[PDB]
Amino acid sequence: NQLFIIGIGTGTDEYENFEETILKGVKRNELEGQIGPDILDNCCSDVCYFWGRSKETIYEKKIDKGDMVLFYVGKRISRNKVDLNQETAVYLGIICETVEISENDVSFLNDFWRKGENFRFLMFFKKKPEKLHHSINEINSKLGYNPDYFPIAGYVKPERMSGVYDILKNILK
DNA sequence: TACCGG
DNA sequence: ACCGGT
């Protein structure tokens, strides 16, 4: 029951990859024989929604099923700050399963990702991660972060989690 | 800055 | 340990 944040800067290849596999998604036939039939059955419909990283962990925390990912989307200004003057977005996904791809098998990841082979630690999301109506500053504030906190990949100290309990609850039914 | 370290 | 910097 952990919570992570992943910052997707607009106008960059991470945003492009975020378009393809989280916003648009990938038909499950184009994944058959690269991802297990069981992951495909239980985490995907005709479409899989998934993200990936180059390590298995985030601040030494590994990501497992049941956990949550807030994708912050906006124009990045400094390493971990966003421009609050242009549009921002927050999406919430719930991890279904995580799968590691072997380094002699990362070929297929380039089919839909720019430099995809570098990101062989995949995460699959039970349903398509949901676009919240909150801005990044509105979510940051609920978690006790600076308005423009925009981590590239952050772990949210559990004691902050209760500030967004309303939202996650409302999402389940 | 596909984030860690101190 | 998490943020919050350049």
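In the text below, chain A, chain B and the rest are named by the order of the sequence lines, each starting its count at 1. Keep in mind that the numbers below use all heavy atoms, side chains included, and drop hydrogens, waters and symmetry copies.
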Legend entry - side chain to side chain donor-acceptor pair (under 3.5 Å) partners of residues 25-35 of chain A, not counting sequence neighbours, each pair once: A/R28-A/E32, A/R28-A/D41
Inset, instruction - Return the set of residues passing salt bridge (charged side-chain N to carboxylate O under 4.0 Å, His left out) with A/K24 (not counting sequence neighbours), or none when no residue passes. - result: A/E20
Inset, instruction - Rounded off to whole Å, could you give me the CE-to-P distance for the A/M161 and C/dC2 pair? - result: 10 Å
Inset, instruction - Name the orientation of the base relative to the sugar in C/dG5: syn if the glycosidic angle is within 90° of 0, else anti. - result: syn
Legend entry - side chain to side chain donor-acceptor pair (under 3.5 Å) partners of A/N137, counting only residues at least two apart: A/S135
Inset, instruction - Send over the distance from A/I5 CD1 to B/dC3 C1', rounded to a whole Å. - result: 14 Å
Inset, instruction - Would you kindly give the CD-to-P distance between A/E159 and C/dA1, to the nearest whole Å? - result: 12 Å
Inset, instruction - Starting at atom CG of A/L70, determine the distance to atom P of B/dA2, rounded to an integer number of angstrom. - result: 20 Å
Inset, instruction - Verify the contact: side-chain N or O of A/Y145 to OP1 or OP2 of C/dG4, cut-off strictly under 4.0 Å; return yes or no. - result: no
Legend entry - Atom-pair distance (CD1 on A/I152; P on B/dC4), nearest Å: 9 Å
Legend entry - Distance, rounded to the nearest Å, where A/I77 contributes CD1 and C/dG4 contributes P: 16 Å
Legend entry - With A/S162 via side chain to side chain contact (heavy atoms under 4.5 Å, CB included) - residues at least two apart: none
Inset, instruction - Taking Watson-Crick and G-U wobble pairs with both distances under 3.5 Å, convert DNA chain B into its dot-bracket string, 5' to 3', dots for unpaired and | for cross-strand pairs. - result: ......
Inset, instruction - Provide the distance between the two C1' atoms, one in B/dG5 and one in B/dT1, to the nearest whole Å. - result: 16 Å
Legend entry - pair A/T21-A/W113: side-chain heavy atoms closer than 4.5 Å: yes
Inset, instruction - Choose from B/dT1, C/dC3, C/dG4 the nucleotide whose nearest atom is closest to any side-chain atom of A/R160. - result: C/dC3
Legend entry - A/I101 side chain reached by A/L122 side chain, heavy atoms, under 4.5 Å: yes
Inset, instruction - Flag as yes if A/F119 stacks onto the base of B/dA2 (centroids under 5.5 Å, planes under 30°), otherwise no. - result: yes
Legend entry - Any A/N146 side-chain nitrogen or oxygen under 4.0 Å from OP1 or OP2 of C/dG4: yes
Inset, instruction - May I have the distance from A/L143 (atom CG) to C/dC3 (atom P), rounded to whole angstrom? - result: 9 Å
Inset, instruction - Apply salt bridge (charged side-chain N to carboxylate O under 4.0 Å, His left out) to A/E159 and list each qualifying residue two or more places apart in sequence or on a separate chain. - result: A/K157
Inset, instruction - Tell me whether the OP1 or OP2 atom of C/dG5 has a side-chain N or O from A/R76 closer than 4.0 Å. - result: no
Inset, instruction - Mark this stacking check for A/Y155 against C/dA1 as yes or no, applying ring centres under 5.5 Å and ring planes under 30°. - result: no
Inset, instruction - Grab the CD1-P distance between A/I136 and C/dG4 for me, whole Å please. - result: 15 Å
